[PDB]
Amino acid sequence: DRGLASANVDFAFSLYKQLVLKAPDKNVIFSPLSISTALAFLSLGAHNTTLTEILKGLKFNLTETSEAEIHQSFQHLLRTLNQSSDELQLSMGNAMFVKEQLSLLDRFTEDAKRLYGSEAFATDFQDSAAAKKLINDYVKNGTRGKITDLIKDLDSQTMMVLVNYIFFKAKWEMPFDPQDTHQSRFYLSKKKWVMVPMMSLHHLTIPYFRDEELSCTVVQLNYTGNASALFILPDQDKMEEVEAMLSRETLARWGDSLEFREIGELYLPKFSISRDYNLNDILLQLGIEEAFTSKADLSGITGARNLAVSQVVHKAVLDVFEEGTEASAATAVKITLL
């Protein structure tokens, strides 16, 4: 299948490079699929230039696809990801929290439920602390407690918040033995390091590629199921080069070049990292601008040009350990009257 695949991966790496640009030495963790899905959901309500900019910014080719085909593709992906599974836990949900008095088109609420699985929950944003707790509780529930305070500030004049979450919990195909985890150096720079629990595996046959073009080593560690982790280890002082060359083409070349190798020893830290982002700057850099201004056209939501985006926020957490990985994220689109 993989209809959304090319746009979603182009968007992923465009987003990654912009996130790094803001703080080039910080940890990064985000779900591009959560952000793409939240913005596709937003585009369900958008018209005219507001709509064109969102779909173009999500890296779709608007001369060869329709908005209807895009929404149907997200609907199908959501159904695939949420199907019952015993191998791994994977869940994605969408919701809208809306001021009760705001008139919504029946077409919009019906399409949001049918395509994105989104209910519409009456929310009193004038009681801002209560509205924030409710939205954060929805996200906490969807992420099994891992994304706790997605919404920090919430304007009492907010009219609607669109929310996406993703939850991922998987076991390694080849789990690490905690008896082989030992505190070891992690070099923050060539001459500075800290101590971290370093997991290890011995005589491990996995997909491997030494990339001499980008001075990095790539390995694939599978989960149980159809999911895997691709790990890329740049040589010292080659991280910036690898980052600059990230792209759909580079990812495809890596995948095409992996070959099985019996690794003598693999060392991987046990770690947990978290990041939260205000995505306004990056979305504007990607050309999504009218949705934020007083020219916003979200008239597919209400039937009138009476709404505009105020903020898009994202939070994500990644936890890597001997038995597997837990990762979760959520995206919220805050919308005011116009």
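For every residue, the number given is its place in the sequence shown, counted from 1.
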{"item": "Mean C-alpha B-factor comparison - 162-170 and 107-115, higher one", "value": "107-115"}
{"item": "91-99 or 67-75, whichever carries the higher mean Cα B-factor", "value": "67-75"}
{"item": "Member of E240, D149, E265, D211 with the greatest C-alpha B factor (per the PDB record)", "value": "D149"}
{"item": "Top residue by Cα temperature factor, when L286, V312, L42, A308 are compared in the entry", "value": "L286"}
{"item": "Cα B factor band for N61 (lowest, middle or highest third within the chain)", "value": "highest"}
{"item": "Third assignment of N280 from its chain's C-alpha B-factors", "value": "lowest"}
{"item": "Entry-reported Cα temperature factor of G303, expressed as the chain third it lands in", "value": "highest"}
{"item": "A296, C-alpha B-factor rank within chain (lowest, middle or highest third)", "value": "middle"}
{"item": "Lowest, middle or highest third - CA B-factor, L15", "value": "middle"}
